[PDB]
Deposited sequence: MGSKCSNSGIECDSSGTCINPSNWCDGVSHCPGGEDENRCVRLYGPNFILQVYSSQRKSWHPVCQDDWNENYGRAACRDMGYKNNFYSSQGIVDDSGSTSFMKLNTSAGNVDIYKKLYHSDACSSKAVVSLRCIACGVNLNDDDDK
């Protein structure tokens, strides 16, 4: 069970339906992982985070993932990269579809062989390098 500053059943965490009075179970379902900003989504069935495949991903999907993460209208970059998060399962996009995390399905591979690297804001750059 996961608590939302009250715990909820795990299959109802990030299942598209709010169950916590404040909605904490449905508002932290997208996340950037590692120093390469690998886009990850929480799978309620597997109770784990999984990278998003580059297959059929576009800018407007990234912008919506950036909106879900709290970056509003901020968008910097999105490209496919080789997964370095050591994952074995992935979330592949179904086009026949709806919130970002409710549009994906479990896949053990990605056709493109790439995962989404998403940057919502141009940060972390100073004078050097």
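Missing from the model, by position in the deposited sequence, are residues 1-8, 15-17, 109-110, 143-146.
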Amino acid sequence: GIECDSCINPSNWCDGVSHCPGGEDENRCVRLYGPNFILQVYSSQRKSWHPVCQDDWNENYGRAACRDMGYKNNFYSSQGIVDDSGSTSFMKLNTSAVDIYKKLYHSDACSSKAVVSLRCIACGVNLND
From here on, numbers count along this sequence of modelled residues.
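Basically, rigid core = biggest C-alpha set you can superpose within 1.5 Å across the two forms.
Of the two stretches examined, 70-78 and 83-91, the one with higher mean CA deviation in 5 other deposited structures of this protein after a rigid core fit is 83-91. Annotation: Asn126 does not belong to the positions left without coordinates in a third of the other compared entries; each one with flanking residues models it. At least a third of the other compared entries skip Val98 while keeping the residues on either side.
The question of which stretch, 37-45 or 100-108, has the higher mean Cα B factor is settled in favour of 100-108.
Looking at 21-29 and 8-16 together, the entry lists the larger mean B-factor for 8-16, computed on C-alpha atoms. In this entry, the residue among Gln79, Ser87, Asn94, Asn73 with the greatest C-alpha B factor is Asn94. Sorting the modelled residues of the chain by their CA temperature factor places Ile2 in the highest third.
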